[PDB]
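Peer 1: sequence, then structure. It's an experimental one.
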Amino acid sequence: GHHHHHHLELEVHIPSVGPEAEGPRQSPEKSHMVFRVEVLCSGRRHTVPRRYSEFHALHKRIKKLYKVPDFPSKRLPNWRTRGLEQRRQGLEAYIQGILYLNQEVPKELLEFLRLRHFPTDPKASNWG
């Protein structure tokens, strides 16, 4: 498309993390818990619930591909010691990092969940 991006509204945040993830095949983690990210770029926000493994693999694949910071751990604590803000912030830092670094929201994830023009949820905001 061709439009002048005068509105560079950028908000990348992970508003919610809950236990409701899809249980995958034999994976390193098989986390049944999911973090629901929301990347807002150019005015469009897309709220996407992602299991840790997905970002784990995403980040590991592209770290070899493009500018990408520290990666997620394949061994995680049971999360009883801390709160989910730790998990939330860890991925949010990495995902927003690459987004700020070069390719913005990974086009590979775009291709992965078909995140183009991807919907959002009303319950992903505070007073908004």
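Peer 2: Arrived safely. Numbers count the residues shown, from 1 in each chain.
Peer 1: can you tell me the centre-most residue of the protein?
Peer 2: The residue lying closest to the centre of the chain (CA atoms, centre = their mean) is residue 37, at 4.7 Å.
Peer 1: that residue and residue 16, how far apart?
Peer 2: From residue 37 across to residue 16, the span is 9 Å (CB to CB, to the nearest Å). In short, each C-beta sits where N, CA and C put it, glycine included.
Peer 1: do the same with residue 120
Peer 2: 12 Å.
Peer 1: same question, residue 78
Peer 2: 19 Å.
Peer 1: same check on residue 108?
Peer 2: In this structure, residue 108 and residue 16 are 23 Å apart, going by CB to CB.
Peer 1: tell me which of those two has more neighbours.
Peer 2: Between residue 108 and residue 16, counted using other CB atoms under 10 Å, the more crowded position is residue 16 (17 against 14).
Peer 1: not counting sequence-adjacent ones, nearest residue to the more buried one?
Peer 2: Using CB to CB, 6 or more residues apart in numbering and skipping the chain neighbours, the partner closest in space to residue 16 is residue 36 (4.5 Å).
Peer 1: partner strands of the one helix or strand that neighbour maps to, with direction?
Peer 2: Using DSSP states H and E, residue 36 sits within strand 34-41. Within its sheet, and counting by DSSP bridges, strand 34-41 is paired with strand 10-18 (antiparallel), strand 44-51 (antiparallel).
Peer 1: in TSV: those strands, plus distance to residue 67.
Peer 2: TSV is the format used below for those (distance: least, CB to CB, whole Å):
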stretch	distance to residue 67
strand 10-18	16
strand 44-51	21
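Peer 1: so which of those is nearest residue 29?
Peer 2: strand 44-51 (8.2 Å; CB to CB).
Peer 1: so the next helix or strand after that closest one versus strand 10-18, what angle?
Peer 2: Sequence-wise, the next helix or strand downstream of strand 44-51 (DSSP H and E) is helix 52-62. Angle between the axes of helix 52-62 and strand 10-18 is 140 degrees (criterion: axes from the mean of the first three to the mean of the last three CA atoms, to 10 degrees).
Peer 1: what packs against helix 52-62?
Peer 2: If contacts are counted by 3 or more CB pairs under 8 Å, 6 or more residues apart in numbering; DSSP states H and E, helix 52-62 sits against helix 85-101, helix 107-113.
Peer 1: done for today, thanks.
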